[PDB]
Amino acid sequence: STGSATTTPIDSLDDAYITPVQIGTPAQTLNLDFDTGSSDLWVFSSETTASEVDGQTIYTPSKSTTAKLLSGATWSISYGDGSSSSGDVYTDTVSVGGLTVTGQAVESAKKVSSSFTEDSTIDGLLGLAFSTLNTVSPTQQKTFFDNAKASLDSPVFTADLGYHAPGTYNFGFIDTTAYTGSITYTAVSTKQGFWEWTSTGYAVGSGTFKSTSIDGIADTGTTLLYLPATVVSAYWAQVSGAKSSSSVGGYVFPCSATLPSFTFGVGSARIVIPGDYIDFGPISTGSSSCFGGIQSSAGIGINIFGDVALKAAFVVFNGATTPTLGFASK
Ligand SMILES: O=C1CN[C@H]2CCCC[C@H]2N1
Ligand SMILES: O=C1CN[C@H]2CCCC[C@H]2N1
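Heads up: the sequence shown begins at 1 in the entry's author numbering, then just goes up one per residue.
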């Protein structure tokens, strides 16, 4: 089997991407944030505290003839940005772009933190990291990809995110019309449960390529590119007036600037992020200070190749017995 679904930016800055997902019988379609940095599929639901729902579409398990309470199971997750959610668990039929899994754990939120309530465009998350990170207790549950894997034509999914435009998540096949050149594959460590790999270096604008190993994760659920402070300083030094602002929480730059590109290495290959992809717009409405798309990972504990980096490439998440990642230009 295969599946193919379009993913759509939630706003004009590409702050996140949402993909429609069918849950239950008859189908209830919710728009989920596909997140290769976590492993829980959770949704706003009829069980979510009413004051914490503001415009999201909810899953109602009592209206699904295929829903079954997973008795005794609970879940609770906290993300790197301080947001969180928790609840109980149903199994139900879940379909993405024509690919159907029966018996998928659908984690129903009883509580969500303020940042989730305040984002009416995101109805929940669909985790695509390794199932070892799934938070369901006492019986850990598998991700949608893990459940689908054996049925897929090939044990892979691909992320093809757009810049200021929709893109595609495919399951079970590699669309050879969706990229240019060849796909360069690179080793993955699953020891932390992430799609963790090592970039071979970077360049700023037209500058010379610096060969240096940069360990990090491919995380579709993170908006920006988070890299070591040395690398990030070298980038922003090329932008007149750019500076790190403690009050804003990262590098800002004059909105009048033209940003340089940033290149990262994948083995001997190179992925070029155009400068415009690094512009996240005014820090507040009407400001002439703009927020940068490349930020330091120093306070995080891991480097994160988020959407800023991934959207410059066609990315293969190869879930074979030894997982690997593939990157192509497009
Ligand atoms: O609550 C948790 C459980 N352990 C991890 C799961 C994936 C997201 C990061 C972290 N947060
Ligand atoms: O596990 C993850 C990857 N996806 C994102 C969700 C929102 C907060 C940042 C990040 N945490």
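Note that CB positions come from ideal geometry on N, CA and C, so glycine has one too.
Boundaries (first-last residue) of the beta strand (DSSP E) holding residue i
{"i": "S115", "result": "Careful: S115 lies outside any beta strand (DSSP E), inside the alpha helix (DSSP H) at 114–117."}
{"i": "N147", "result": "Premise fails: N147 lies in the alpha helix (DSSP H), 144–148, not in any beta strand (DSSP E)."}
{"i": "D35", "result": "28–35"}
{"i": "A218", "result": "210–218"}
{"i": "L325", "result": "324–328"}
{"i": "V43", "result": "41–43"}
{"i": "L133", "result": "Note, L133: premise wrong, no beta strand (DSSP E); not H, not E."}
{"i": "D279", "result": "279–282"}
{"i": "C255", "result": "Counting along the chain, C255 falls outside any beta strand (DSSP E), and DSSP gives it neither H nor E."}
{"i": "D54", "result": "No beta strand (DSSP E) contains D54, which DSSP labels as neither H nor E."}
{"i": "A73", "result": "68–78"}
{"i": "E196", "result": "196–204"}
{"i": "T6", "result": "3–9"}
{"i": "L152", "result": "Where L152 is concerned, there is no enclosing beta strand (DSSP E), given that its DSSP letter is neither H nor E."}
Proximity winner among the options, relative to residue i (alpha-carbon distances)
{"i": "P20", "options": "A105, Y169, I283", "result": "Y169"}
{"i": "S39", "options": "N147, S1, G55", "result": "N147"}
{"i": "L128", "options": "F157, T100, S151, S137", "result": "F157"}
{"i": "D160", "options": "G292, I18, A203", "result": "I18"}
{"i": "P155", "options": "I174, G162, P166", "result": "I174"}
{"i": "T212", "options": "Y226, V188, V266", "result": "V266"}
{"i": "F305", "options": "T263, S284, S288, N318", "result": "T263"}
{"i": "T91", "options": "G82, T186, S83, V106", "result": "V106"}
{"i": "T190", "options": "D215, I278, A298", "result": "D215"}
{"i": "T49", "options": "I294, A73, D88", "result": "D88"}
{"i": "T74", "options": "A67, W42, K63", "result": "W42"}
{"i": "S114", "options": "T93, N134, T184, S86", "result": "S86"}
CB of residue i within 9 Å of CB of residue j, strictly
{"i": "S45", "j": "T60", "result": "yes"}
{"i": "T121", "j": "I10", "result": "yes"}
{"i": "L152", "j": "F130", "result": "no"}
{"i": "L224", "j": "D307", "result": "yes"}
{"i": "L99", "j": "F34", "result": "no"}
{"i": "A257", "j": "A269", "result": "no"}
{"i": "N303", "j": "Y226", "result": "yes"}
{"i": "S76", "j": "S84", "result": "yes"}
{"i": "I58", "j": "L30", "result": "yes"}
{"i": "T36", "j": "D219", "result": "yes"}
Beta-bridge partners of residue i, as assigned by DSSP
{"i": "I271", "result": "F264"}
{"i": "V89", "result": "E107"}
{"i": "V96", "result": "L99"}
{"i": "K243", "result": "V252"}
{"i": "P20", "result": "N31"}
Opening and closing residue of the alpha helix (DSSP H) in which residue i lies
{"i": "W236", "result": "229–236"}
{"i": "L310", "result": "307–310"}
_Touching by the beta-carbon criterion (3+ pairs, under 8 Å), the segment 189–199 and the segment 235–251_ = The segment 235–251 and the segment 189–199 do not touch, with fewer than three beta-carbon pairs separated by less than 8 Å.
*the segment 45–55 in contact with the segment 64–83 per 3-pair CB rule at 8 Å*: The segment 64–83 and the segment 45–55 do not touch, with fewer than three beta-carbon pairs separated by less than 8 Å.
*Can at least three beta-carbon pairs, one atom from the segment 175–186 and one from the segment 313–323, be found at a separation below 8 Å?*
Short answer: they touch.
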